[PDB]
Every structure is written in structure tokens, then in C-alpha cells.
């Protein structure tokens, strides 16, 4: 079942060289969607395209408190309403590397380093989810 909100395990948690791939289609009336890599009560990595803001927000939530957002992009907004997408998240020792449709869009330095405990993937929001690899 690929209904959203979608949850699944990341076997063995995160470690350097582990890849997560999220494929789907942005809804034509989308406001936002989110991909969360969760550990317990924290969100290690929140990847959050916002179509009203024309932004891709990255952040971390610890004990229910959000940190400072990261929003830098090398070019234009890499998701579009109604458009198919493939998100590739690569875990390294110091950061996540994120590509969309093969285009590198950002690095995000780890704020939570307990990588094996980051063992739940959540995908939620205004998309049709078509494939997950964890």
C-alpha cells in the first residue's frame, strides 16, 4: 500500500553509503509534501517541498522543537505541481546528499548522529506515491 501518509522501516537504520529513493507525482493542486527520516521522537531529516512558497525546506526536529531551516537551491524549484519526481537521499558520514531527478539539490549536515536509530521513513502530503526504496 502506497497511500499517504506512508510509513516504512529503514532496515538497519542509516549508515554512510545507505540510499533512500522516493518516487511519485506531485498533485496538480499541491501545497506541500514532506519526506521525514525519523528516529524515536525526533525527525533527523525533514525534506519539505513547498509549492506555495516555491521552496525546498530542510530541517531537523528534536524533542518537538524545529531547528533553523535550510532553503538554498542551486537553480529553480526542482519539483512542480503535476510533475513526476524521483528523490535520491544518500547518507554520508557527515551529511545527507539530495538529488531530484538526477540533479543534485543540496547537502544537509547531520544534526543527529545516531544514524542506526534513524530507522523510519515517512512520506506525507500532496503527492501520489509510486515507489519507495529504503
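Positions refer to the first chain, counted from 1.
For the pair 41 to 49 and 95 to 103, the mean Cα B-factor is higher in 95 to 103. In this entry, 72 to 80 has the higher mean Cα B-factor, the comparison being between 72 to 80 and 29 to 37. For the set 113, 21, 10, 124, the PDB entry puts the maximum C-alpha B factor at 113. In this PDB entry, residue 60 carries a Cα temperature factor that places it within the lowest third of its chain's modelled residues.
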